[PDB]
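There is one chain below, alone, in structure tokens, taken in the form deposited in one PDB entry.
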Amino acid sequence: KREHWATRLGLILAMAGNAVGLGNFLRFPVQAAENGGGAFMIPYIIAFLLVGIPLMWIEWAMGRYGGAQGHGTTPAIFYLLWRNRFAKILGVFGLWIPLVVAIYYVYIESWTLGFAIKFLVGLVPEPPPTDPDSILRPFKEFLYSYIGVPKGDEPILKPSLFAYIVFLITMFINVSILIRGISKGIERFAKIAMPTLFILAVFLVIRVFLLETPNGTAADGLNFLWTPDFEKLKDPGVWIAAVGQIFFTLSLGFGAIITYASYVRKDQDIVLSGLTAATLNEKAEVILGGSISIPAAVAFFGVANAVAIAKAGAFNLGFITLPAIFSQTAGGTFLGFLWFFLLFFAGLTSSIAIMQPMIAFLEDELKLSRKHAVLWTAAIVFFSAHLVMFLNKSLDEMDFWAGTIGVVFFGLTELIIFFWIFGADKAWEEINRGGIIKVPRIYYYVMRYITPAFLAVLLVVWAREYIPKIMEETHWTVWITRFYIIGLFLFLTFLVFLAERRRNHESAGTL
């Protein structure tokens, strides 16, 4: 009774949409810009080869394996691979991480829809005729008024009425797709969204490549991004940034690739399919995402200033700088619309992917109907999102624990359980089974020894030289978000406990 992807194309575009999202167009540019541009790319490429690709196959394999037995989420799948109560508990992260990411990701996605709407109808700011700030300030105030940045000392946000309603609409749109299921919902939408997304992105790159000012050209932006710095490879922070981006952009460690793969027929290839999805994401990221905002910013403000803007972070580059720059060109407001529409489709195809794990768990383990599973999941995300919408820095806290530390920790966890506990040879066999192509021989040793060792070191260095400076150097309000998401973990563990009991009570009625 489990759904399955209808076509190979659909599967590939759905998986591609899972990966290609806000991380490609917003996160990548910031990470690369603040880490030296080209100096970021070497570790990034290496991370993609030693972590991205191998974990992608591992997650597809685990998902297809679990699906064959009617399970699409990690609490059950981890137990199938390691029959130990602790496997179910660690598996909870496969529901918690995607749920927590969704709680702030859908909200950011809603901003892009709201901006798309306002830019389409021309309800945007109008700067004067060369001073930077005189042009950027109006756009900064525009964003600040939208999300309600604090004007006082209280760490409280005051979202505009329009932003709140657009978030509601955004949740509604995510639900309209998810409620139709895998083949008729997610797959059908991906076939529409991905082509649209690709065309919009190419057009924007072309337009940005035409940008030129007394300060530079788009070419200067590209040179900054693709010019190596072999003297930065010794910087740990750059590696942590690169690996973190690889996980986020490929949706690895979210339990999302696994859940999507659980709808792939038991015999269907995952080697070539997985590699293709990963390659598509990388193209969209380094070629499309990398060629839009960085080159535009560099062309208008020069490299030094572009970098400063990125380090200023706070969504400056994508929500303030790029539109401000576009406003200086004929048809620039429409150009802004295209940008935000692109971001919206990129985010939407990814948010449905990160919400599906909770949906699958409720359907697979608690036996809820798809309708009910989708509605309760949306309700939980909608409610919880109020924390991100009203408490300044809550978004940052969730993105750190789930979207940064969480995904890397879970990636290592799933690899250990699948390639070490379940059995390296059994895992290798499982990955290659039905493959249109075989995984290169060398990757067996990468998956069994290199990847885990690489991640283990990363995490160690991370928790010893970086985390401490946060667990003690933040406003007391970070504890509100920490308290809440720990509660979410507790609640999800309770649900796994209930699924466990329903299972036994149902098994007893069978014997």
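In this text, residue numbers run from 1 along the sequence as written. Definition used throughout: the rigid core is the maximal C-alpha set that superposes within 1.5 Å between two forms.
The protein also exists as the form deposited in another entry; that form is not presented, and the subsequent description refers to it.
Measuring CA movement between this form and the one not shown with the rigid core aligned, the set 411, 221, 94, 347 has one residue at 2 Å or more: 221.
Relative to the superposed rigid core, residue 302 undergoes a CA displacement of at least 2 Å between this form and the one not shown. If you fit the rigid core between this form and the one not shown, you'll see the Cα of residue 230 move by 2 angstroms or more.
The Cα position of residue 212 differs by 2 Å or more between this form and the one not shown after fitting on the rigid core.
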